[PDB]
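Report on one structure; see the data block that follows.
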Amino acid sequence: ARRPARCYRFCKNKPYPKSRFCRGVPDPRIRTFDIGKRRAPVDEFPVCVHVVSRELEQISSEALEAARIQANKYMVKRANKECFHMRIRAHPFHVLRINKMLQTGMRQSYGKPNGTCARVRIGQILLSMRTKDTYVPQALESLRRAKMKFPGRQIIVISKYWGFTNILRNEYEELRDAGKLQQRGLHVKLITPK
RNA sequence: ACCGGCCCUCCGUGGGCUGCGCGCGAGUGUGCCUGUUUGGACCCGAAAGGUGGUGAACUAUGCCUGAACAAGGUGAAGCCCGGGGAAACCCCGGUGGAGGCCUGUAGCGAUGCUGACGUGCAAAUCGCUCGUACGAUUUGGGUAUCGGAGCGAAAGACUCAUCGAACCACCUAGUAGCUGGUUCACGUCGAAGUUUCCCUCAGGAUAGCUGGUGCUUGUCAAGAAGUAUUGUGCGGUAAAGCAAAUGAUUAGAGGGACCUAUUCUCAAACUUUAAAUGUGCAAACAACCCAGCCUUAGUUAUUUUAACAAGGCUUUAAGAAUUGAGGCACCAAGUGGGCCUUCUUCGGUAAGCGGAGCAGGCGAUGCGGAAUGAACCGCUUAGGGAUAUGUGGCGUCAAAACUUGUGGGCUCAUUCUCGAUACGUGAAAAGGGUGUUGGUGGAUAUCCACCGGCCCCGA
RNA sequence: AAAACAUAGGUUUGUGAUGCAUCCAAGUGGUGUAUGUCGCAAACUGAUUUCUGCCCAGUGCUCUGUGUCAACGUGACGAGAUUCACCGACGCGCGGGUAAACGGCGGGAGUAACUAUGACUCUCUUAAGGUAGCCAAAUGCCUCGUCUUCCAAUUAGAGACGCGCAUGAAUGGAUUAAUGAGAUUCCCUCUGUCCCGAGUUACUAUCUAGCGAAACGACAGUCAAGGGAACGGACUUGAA
RNA sequence: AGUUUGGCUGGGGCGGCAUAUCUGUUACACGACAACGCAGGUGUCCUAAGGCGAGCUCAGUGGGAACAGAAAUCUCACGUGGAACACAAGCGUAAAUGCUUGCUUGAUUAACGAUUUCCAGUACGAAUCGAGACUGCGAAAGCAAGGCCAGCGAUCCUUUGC
RNA sequence: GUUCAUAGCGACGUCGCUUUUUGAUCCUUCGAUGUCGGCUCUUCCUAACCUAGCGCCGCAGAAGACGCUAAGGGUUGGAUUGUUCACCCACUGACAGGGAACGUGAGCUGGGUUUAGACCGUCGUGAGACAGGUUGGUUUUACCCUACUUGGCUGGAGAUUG
RNA sequence: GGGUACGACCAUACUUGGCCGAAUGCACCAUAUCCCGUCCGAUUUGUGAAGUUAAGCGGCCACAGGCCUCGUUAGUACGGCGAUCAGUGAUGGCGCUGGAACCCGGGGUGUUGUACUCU
RNA sequence: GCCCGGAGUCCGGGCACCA
Ligand SMILES: [K+]
Ligand SMILES: [K+]
Ligand SMILES: [K+]
Ligand SMILES: [K+]
Ligand SMILES: [K+]
Ligand SMILES: [K+]
Ligand SMILES: [K+]
Ligand SMILES: [K+]
Ligand SMILES: [K+]
Ligand SMILES: [K+]
Ligand SMILES: [K+]
Ligand SMILES: [K+]
Ligand SMILES: [K+]
Ligand SMILES: [Mg+2]
Ligand SMILES: [Mg+2]
Ligand SMILES: [Mg+2]
Ligand SMILES: [Mg+2]
Ligand SMILES: [Mg+2]
Ligand SMILES: [Mg+2]
Ligand SMILES: [Mg+2]
Ligand SMILES: [Mg+2]
Ligand SMILES: [Mg+2]
Ligand SMILES: [Mg+2]
Ligand SMILES: [Mg+2]
Ligand SMILES: [Mg+2]
Ligand SMILES: [Mg+2]
Ligand SMILES: [Mg+2]
Ligand SMILES: [Mg+2]
Ligand SMILES: [Mg+2]
Ligand SMILES: [Mg+2]
Ligand SMILES: [Mg+2]
Ligand SMILES: [Mg+2]
Ligand SMILES: [Mg+2]
Ligand SMILES: [Mg+2]
Ligand SMILES: [Mg+2]
Ligand SMILES: [Mg+2]
Ligand SMILES: [Mg+2]
Ligand SMILES: [Mg+2]
Ligand SMILES: [Mg+2]
Ligand SMILES: [Mg+2]
Ligand SMILES: [Mg+2]
Ligand SMILES: [Mg+2]
Ligand SMILES: [Mg+2]
Ligand SMILES: [Mg+2]
Ligand SMILES: [Mg+2]
Ligand SMILES: [Mg+2]
Ligand SMILES: [Mg+2]
Ligand SMILES: [Mg+2]
Ligand SMILES: [Mg+2]
Ligand SMILES: [Mg+2]
Ligand SMILES: [Mg+2]
Ligand SMILES: [Mg+2]
Ligand SMILES: [Mg+2]
Ligand SMILES: [Mg+2]
Ligand SMILES: [Mg+2]
Ligand SMILES: [Mg+2]
Ligand SMILES: [Mg+2]
Ligand SMILES: [Mg+2]
Ligand SMILES: [Mg+2]
Ligand SMILES: [Mg+2]
Ligand SMILES: [Mg+2]
Ligand SMILES: [Mg+2]
Ligand SMILES: [Mg+2]
Ligand code: NA
Ligand code: NA
Ligand code: NA
Ligand code: NA
Ligand code: NA
Ligand code: NA
Ligand code: NA
Ligand code: NA
Ligand code: NA
């Protein structure tokens, strides 16, 4: 088994990523960072809900995978499968080491790569979900259950922007009528004279 | 420039090196203290090494000549008398007294109680029990073999309570980077556990920190400053970026790979950009200008430059520093195990763990506070009065509100018992509460959602 | 005090005296030897019974005809020191012998009418590839191996099995009547070993008369918690 | 008979080399900084892979040509270095420090000149700026006394040159 | 779990407690703090096995599962093994888990571990080695202070005085 | 208002496309006896004027890219010094003080020295 | 390093060692 997560909670070391110097790294537990209807035009989902961290700490890849499974399961059961789209915005790039105990003691104690984790900051957004205005109570409950899989303190807020887009929610449909917006996939670009 | 020595060239009134050289002498004898070295070497201490002698009365083994060993059991060879048989030969009964034979005294030993005693009767003894007891048996006197040697039915056993190398005297006060000790008073000063080298890591040499003796001077300040200001240089950490190069990486879109523009998320060994704190130089007299002048084998096609000089001239508002003794030696001690802390930081799950950076401490140091504590807070110390504070306090212990205010709120806590001085984690989490007390946003003439304070469950 | 040593029995080696072993500073010096192979000196194994397999590649010991190895000799150049050339033994190399000298003595595949196993085959390789025997043995890690017997119950004992980490033949193998203050298991008898302790005796201790030490001894001697060199008699607070 | 039988070290031993040395990072934007901290190298190689002059442009991509294809050779265009520079890494470089070619021996001697790095401001190794001789390549200015920075060694003794 | 997330469980995750395991460290003790197990004896803790009283169930009864107050009382006899541990037989209401210098050697015992003798296997040329097996192997002193158990003498309120 | 030769700073000067270009000049351009060099007078070398601004070159323009400058981001991120400061912690604000970066928005698209020269 | 032997020369032997 792996050690309890209390042994890797605080950001005590330099980032230490996977590179040509650190090679024998196991694969992270989470591989997909999107659930729900990814192929949805930006106009379909106008409501966005965030969960944002309030601590400076590390979150393991197992916890991210546990949160993804729980959030998807509740939305599918309590609502339609296609009525939402969720994105995980924390990728595990920090490698953790372990010193497994022919020599004995603390001699030559540099460890071997064992797992991966994500380093988060205060005010950073961890998960983002966009949905319709009639499924907000379901989205809030699903995110509530998901955040119970993380260490530390997190808060749940509703954004003032149109879903996954940097344009204010009330002012989006004016700039859509008067064609000042160029649609590129899931985001939009403000057209300017240039 | 001159003396000695080694040289170079275009060979001259060149050139460049070297001496513990010279450059109007400073040595020498003696007294005294301190340091280095050898000697017993400040005092006491090994395990060892060598030279010459004394021991076989303990004990080991051989030899000469003497002494000793109750009482029983078993019953070998030889011999006698009877039977059986054709022979070969076989059988009974006696007698006899063999044996590194058996039971068992004396003798010679020492298995168990892991008995007694264990400052004893005794530096190995005592009580029961036990091995053997005609044999490779026990024992007196005499004699023979020893110290790197003797002897051994062999255990490194024994050689006078001494043996994996006896005893006595001497070399010998053997050497010890290691342990222990080292005897009067007051006064002036006062550290280091770091650098480089060492068969170096419990030790030295070397520089640094310190003391003594000074020298040359100055007196408001020279060759002053762990500090500013002004001017002028240096930089790639924190941050930021990936819509910029290198590396890693998620997803849609427009024309299954592919292309274009975007997009989520990153970097100690990535970077266009780029701080704060830092770091170099300058801010006047052995100096700078101005003018004229001399010299050269330097530069230049010549002047003009370069360098060394000599006689005259000038010079000590704008936030616009402020503090004050400068420089130079000689001789020598201790130290060369360090530890703690704010902040920065590497290894480790972590540690009262291991290892670094700038600074301050303890060590070497008390005093006043945190009840108690090397390092925390205050303050740092000649012997004493008066006055006032610092940290911390004013219910009693215990000096101070003889329980201060004519100031607001909040809290009720049943068996490790609510809470109450930081450092000190030197006691606590996720998650909950229609306990009570405050806010924010919505609805209606009180209802919903969310966020705090103290208390309660988790414990 | 033994399973160790010795022992009888067994095997091997040297040696015909101007010898083999060997003392010793030395000599017409000394010991086995007052002896003479049925003797003396040097090793190993350990009664009897039945046996003692294969290996001379390594190391050692030992026996026979030309590369190398020292001084001494014999010639040269040179004025001479110096130098050069040739000759030069045992030994070491070559060639034999020797294991009751020291010692050593294998892997991997396939294969028989249900499965299993493998008499059979192939392959790599050695100086030789462990034979007769014996075993979870005082030698077996795994291991308290697996089966039977002994008990109500056995990591124990005995009897079997054997790809044996790492058994094995005078580094002796296997077996043995008699013997043992040798190690282990079970049975009968017996009991204060125990269930579970009780009563009695003699000498002490205990009191007295006489006599009369030693060890040890910073100072001393009630606790709880705290902090402290992280387990206080002393310090802080409390309680006696 | 005499003497010896390394050291460091989260005890010692086995292991390893942190024992003499080079590059990046830890390292906190001057310099300096530890660990048996991380990622890697060194005891060699080269008469050319040294010196200079000249000419040229690399990696790669796209459009074209019998056999010929994803990949052979020829041609045009783009191409800030994404190639190469003996080897580890960093820095550096485009009519060049790269590639080809021509000629050469500055990889010699160099009067004890001065200096940097480690540092006691000692030595050793490496490197920087000069003076003199004789030369090499260039029309000349000029460049060169090795291959830039790692690749090595006291007293005594032996041996060679003048 | 006939359905039913939560009677009883609960994956993927995440937050803690304890010092009855073993590691990590090297602060105290090397002019010595007697090192396994058993026997004997006392006391403490609760994370409750039995005994008292209750709630709840997928509690009809009987037998049970889960939880609460509660540590007053109780918690065995044997075969094998040095064992702690382990595993069987049997009784019982029940045969709970732990601490006290891994309680307890001037209280015992000495089977094991760990000297000197000796045998075996493997290793080593050898002397010898093995956290492999085997057999044999001295357990010393209390009369001191305190603590505890019993046993006696005797003052004293300004706790000796005013 | 210009050309040529030699330059300094080295993108406000570069990259792409389009348009225009009076004269002097600069070019493209003709050819291989000789000097010289190539597989090839392509480049290079030696000798002429037959044609032409086609290209090179100069000037202007582009909701052009890039580059330069000023604002904004923002007193934000980060920092030096202090507390018997808050918080179980992770961390954070406060006092005295220093102070960024990209995106984004406005503007701009070479300056100039010596000599010989054309209008 | 010396003497050889076998292939201008690489191996196999018997000897010898003060930086
Ligand atoms: K002395
Ligand atoms: K004697
Ligand atoms: K008899
Ligand atoms: K007897
Ligand atoms: K020193
Ligand atoms: K015996
Ligand atoms: K005996
Ligand atoms: K015996
Ligand atoms: K014999
Ligand atoms: K036999
Ligand atoms: K008496
Ligand atoms: K008396
Ligand atoms: K008496
Ligand atoms: Mg655990
Ligand atoms: Mg002495
Ligand atoms: Mg000696
Ligand atoms: Mg005698
Ligand atoms: Mg007898
Ligand atoms: Mg006894
Ligand atoms: Mg007798
Ligand atoms: Mg012995
Ligand atoms: Mg002395
Ligand atoms: Mg002392
Ligand atoms: Mg003083
Ligand atoms: Mg040395
Ligand atoms: Mg950063
Ligand atoms: Mg010193
Ligand atoms: Mg000290
Ligand atoms: Mg103080
Ligand atoms: Mg008072
Ligand atoms: Mg005895
Ligand atoms: Mg026999
Ligand atoms: Mg026998
Ligand atoms: Mg042989
Ligand atoms: Mg052997
Ligand atoms: Mg054969
Ligand atoms: Mg066996
Ligand atoms: Mg056995
Ligand atoms: Mg039994
Ligand atoms: Mg058996
Ligand atoms: Mg064998
Ligand atoms: Mg044999
Ligand atoms: Mg054997
Ligand atoms: Mg007998
Ligand atoms: Mg016996
Ligand atoms: Mg106490
Ligand atoms: Mg005491
Ligand atoms: Mg710095
Ligand atoms: Mg630096
Ligand atoms: Mg060139
Ligand atoms: Mg070099
Ligand atoms: Mg020169
Ligand atoms: Mg060079
Ligand atoms: Mg002591
Ligand atoms: Mg003691
Ligand atoms: Mg004691
Ligand atoms: Mg314990
Ligand atoms: Mg104990
Ligand atoms: Mg005892
Ligand atoms: Mg005991
Ligand atoms: Mg005791
Ligand atoms: Mg034993
Ligand atoms: Mg302070
Ligand atoms: Na770390
Ligand atoms: Na007898
Ligand atoms: Na000491
Ligand atoms: Na024997
Ligand atoms: Na042989
Ligand atoms: Na066999
Ligand atoms: Na058995
Ligand atoms: Na050592
Ligand atoms: Na309880």
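Below, each value reflects all heavy atoms present in this structure, side chains not excepted, and no hydrogens, waters or symmetry copies. Throughout, a chain's letter reflects where its sequence line sits, starting with A, and its residues are numbered from 1.
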Between NZ of A:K14 and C1' of B:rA267 the distance, given in whole Å, is 12 Å

Self-check item: Salt bridge present between A:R176 and A:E173 (N-O < 4.0 angstrom)
Solution: no

In A:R68, A:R29, A:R2, the residue satisfying salt bridge (charged side-chain N to carboxylate O under 4.0 Å, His left out) with A:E62 is A:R2

ask   = Counting only side-chain N and O atoms of A:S60, is one of them less than 4.0 Å from OP1 or OP2 of E:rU14?
value = yes

Winner on side-chain proximity to A:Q108, out of D:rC38, D:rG15, F:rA90, is D:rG15

Tabulate atom names and distances for all N/O pairs under 3.5 angstrom spanning the protein and nucleotides 252-256 of chain B.
{"from": "B:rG252", "atom 1": "OP1", "to": "A:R38", "atom 2": "NH2", "distance (Å)": "2.7"}

Connected to A:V95, directly or through other members, by ILVMFWY side-chain contacts below 4.5 Å are A:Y16, A:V25, A:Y110

Numerically ordered, the residues 140-151 of chain A set in heavy-atom contact under 4.0 Å with RNA chain B is none

OP1 or OP2 of B:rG347 sitting under 4.0 Å from any side-chain N/O of A:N13? yes

### Message
Does a side-chain N or O of A:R29 approach OP1 or OP2 of E:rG13 to a distance below 4.0 Å, or not?
### Response
yes

A:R31 CZ to B:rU250 P, in whole Å, measures 9 Å

Do the side-chain N or O atoms of A:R107 get closer than 4.0 angstrom to the phosphate oxygens (OP1, OP2) of D:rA18?
-> no

